[PDB]
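As structure tokens, the next two blocks hold two forms of the same chain, structure 1 and structure 2.
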Structure 1
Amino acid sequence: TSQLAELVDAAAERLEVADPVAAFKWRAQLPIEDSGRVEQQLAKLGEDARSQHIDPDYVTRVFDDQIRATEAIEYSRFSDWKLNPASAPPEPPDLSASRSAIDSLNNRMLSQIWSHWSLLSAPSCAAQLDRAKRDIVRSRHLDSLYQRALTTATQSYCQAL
């Protein structure tokens, strides 16, 4: 098991919020692009980044990848449900439970980024990131779509100085 497995696992688990959000936006007829990258949130991200002593611009870049990867899952769900509406989940999403999960996963990701900051700047980061994703792909049984989302969501983990 790799040193970055805990950050990648938290990122993969966070990707899973795409299924519940997709379910609500489909029935609510809401745009997937209106997804919260707005000034107040960007400020709030950067402040919690300074509070953990990590570079906000790095952290901002990570969540920018995270949002692109999550929008991608939601778009893929929408295609599937256009092709075949009956494969949509029959159960409504638990958004209130998702809120608490996102708060916790957000916090775990930031605390891991500080805890492992030294490694993310080292030349061996890329090799460690591969091992982490390869482990997380196996342990969470990620399908092809989530594997790609994980790659997009972590593609700038090692862009750290």
Structure 2
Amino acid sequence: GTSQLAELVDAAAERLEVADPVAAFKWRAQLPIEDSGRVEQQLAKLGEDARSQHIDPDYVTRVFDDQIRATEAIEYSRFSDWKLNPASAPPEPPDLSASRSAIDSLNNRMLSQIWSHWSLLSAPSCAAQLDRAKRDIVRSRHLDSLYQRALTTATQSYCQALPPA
């Protein structure tokens, strides 16, 4: 009763959820949500990680850009909420450096699954296995409407993996 893509999508969902403590920290520290210099660095490092792990870097780049976009979308929604209702901004978020550490371990989890399941990601049955995984994770993580939209954005390029050679 389980999708081969469950572990990948669970990681990706877990990494989206880090958006909440990140947004809370940045609100309190007056940091921007999007720093395009930083994102560029993050993607370039992921590309390098992909090559060293024998994964198509162009795939990783696109996929992680979807994931980062999704993450920003959540952060923006939180900022909207806290502008309307500043008393609801969490007053003691976890350290940004702890959130980044969580992110970096999740990046690795996702890369390791992308490599392992490359035949699935690149096969015609991917779209179905991904829908199944998404539904399962939305339920297991109790993802609300916002996180649901985000998870769809973050996974929208998964099934465009191409077979090698």
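The first residue in the sequence of structure 1 is number 1, and each one after it adds one. Heads up, when I say rigid core I mean the largest set of C-alphas that superpose within 1.5 Å between the two forms.
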Block containing the form deposited with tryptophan (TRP) bound is structure 2
A Cα shift of 2 Å or more between the two structures, after fitting the rigid core, is seen among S118, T60, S35, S111 only at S35
Students should find the CA displacement of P90 between the two structures, rigid core aligned, in Å, to be 2.8
The CA shift of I102 between the two structures, rigid core aligned, in angstrom, is 1.3
